[PDB]
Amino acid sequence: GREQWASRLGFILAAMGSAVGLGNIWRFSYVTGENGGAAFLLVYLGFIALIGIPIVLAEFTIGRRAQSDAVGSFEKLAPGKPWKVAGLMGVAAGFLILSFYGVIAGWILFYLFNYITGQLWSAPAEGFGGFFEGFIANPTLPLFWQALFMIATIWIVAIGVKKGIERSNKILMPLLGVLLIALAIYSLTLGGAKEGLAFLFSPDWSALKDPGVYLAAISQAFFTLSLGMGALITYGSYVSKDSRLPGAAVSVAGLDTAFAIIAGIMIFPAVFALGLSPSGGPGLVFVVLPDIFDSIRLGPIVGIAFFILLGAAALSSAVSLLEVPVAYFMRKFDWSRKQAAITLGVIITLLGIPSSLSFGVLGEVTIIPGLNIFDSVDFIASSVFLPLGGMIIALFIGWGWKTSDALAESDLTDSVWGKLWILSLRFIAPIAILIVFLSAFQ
């Protein structure tokens, strides 16, 4: 009873729905902001092209060939071999990443609720920054909107692959892109465009001397592509032979990059027009954008539409996050999808609660030295587990497969592009990750 995408376009739009989410707007902005901007972006773009695309194709190939979960794919294609540690790490990353992903998405629903009830049709007396600090520091209020978002997440994963994940609305992501474009154009007119565009596209190579920039660039690349943890193995495991994987990987990588770049064109000219620091942190878009929406006449309608379309993109991403533990637990314990979605979704919600409290009453607590709970959970998943799982995945096809099977299953020949892809997995991508690890950690 293995489920398959009902529609022909279902797989590619699901992969696009998995990639495009909070990482393109919320995470891309604040990580680019504190990492220096343009020099980080160039390294980030280079990581997309040379590591992101091939390992995305690597995940599609493994999933479609094995027709199993992120862990069962390795047990099936190479029984009794150590490659399944990437599937195990990938399942754990699903727990950790979605635990805090639900919190940031709860921030979305809260802001949408405030616009729908008219609470943000003017700058609150304490300011848009003071409004944001007051909400995220509340111990209970973000939990309610986080729990509300997870209920929707679990509901769609429980309904199934054909009736749930696939049937998300096809106009909302294009409407999100059109809206970001319209906004990015508006922020160009606001006065901080020259300095904001120099920050984003004129590189200061002094920042590159710190190795941590490379680690953040590769963490954002793996994060924004839903990469390295078997999420695309799982989505690919639902598609049949009537599908071209190379174009799917480039389309997903191209669209996700376009969303990221246009988000930066919107955010940072707005950052500089406001005179705010680009290095503010995780609440950057939540302080900058409502202030930006407030200078528009119809801004409250822009805010409603923005956090509706942003919330819908976060929803399709959270669904693919929960889908990795659910498919793994459906097989290995004969759990029903509704049981696994509800049980694992409830547990992941509980795991995120400390990360939500980390923005307030637990703000002084550290797990990894110098990082609070939220920053620690993100670091182990995005900077450790995603890049390492991606390194294993690339080496698996590179050295654990025969080349003819690698090319045949990926719908490639022994062409220049086919040779380029096998070379990326054997050497370029995995040694780039290893070098990033070696230099960052002493």
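Just so we're on the same page, rigid core means the largest C-alpha set that superposes within 1.5 Å between forms. When you see a residue number, it is the position in the sequence shown, counting from 1.
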Between 406-414 and 23-31, report the one with more C-alpha displacement in 5 other deposited structures of this protein relative to this form after a rigid core superposition.
406-414
Stretch departing more from the displayed form, 240-248 or 140-148, Cα RMS in 5 other deposited structures of this protein (core fit)
240-248
I need to verify one thing: averaged over C-alpha atoms only, is the B-factor higher for 223-231 or for 115-123?
115-123
Looking at the entry, does 179-187 or 74-82 show the higher mean C-alpha B-factor?
74-82
Just grab whichever of 106, 360, 369, 303 has the top CA B-factor as deposited.
369
Just the C-alpha B-factor column, please: which of 39, 45, 408, 56 has the biggest number?
408
Can you work out whether the C-alpha temperature factor of residue 425 puts it in the lowest, middle or highest third of the chain?
lowest
Would you mind ranking residue 13 by its C-alpha B-factor against the rest of the chain and naming the third, lowest, middle or highest?
middle
Once the chain's modelled residues are ordered by C-alpha B factor and cut into thirds, is residue 135 in the lowest, middle or highest one?
middle
Please place residue 156 in the lowest, middle or highest third of its chain according to the CA B-factor in the PDB entry.
lowest
For residue 382, does the deposited CA B-factor place it in the lowest, middle or highest third of the chain?
lowest
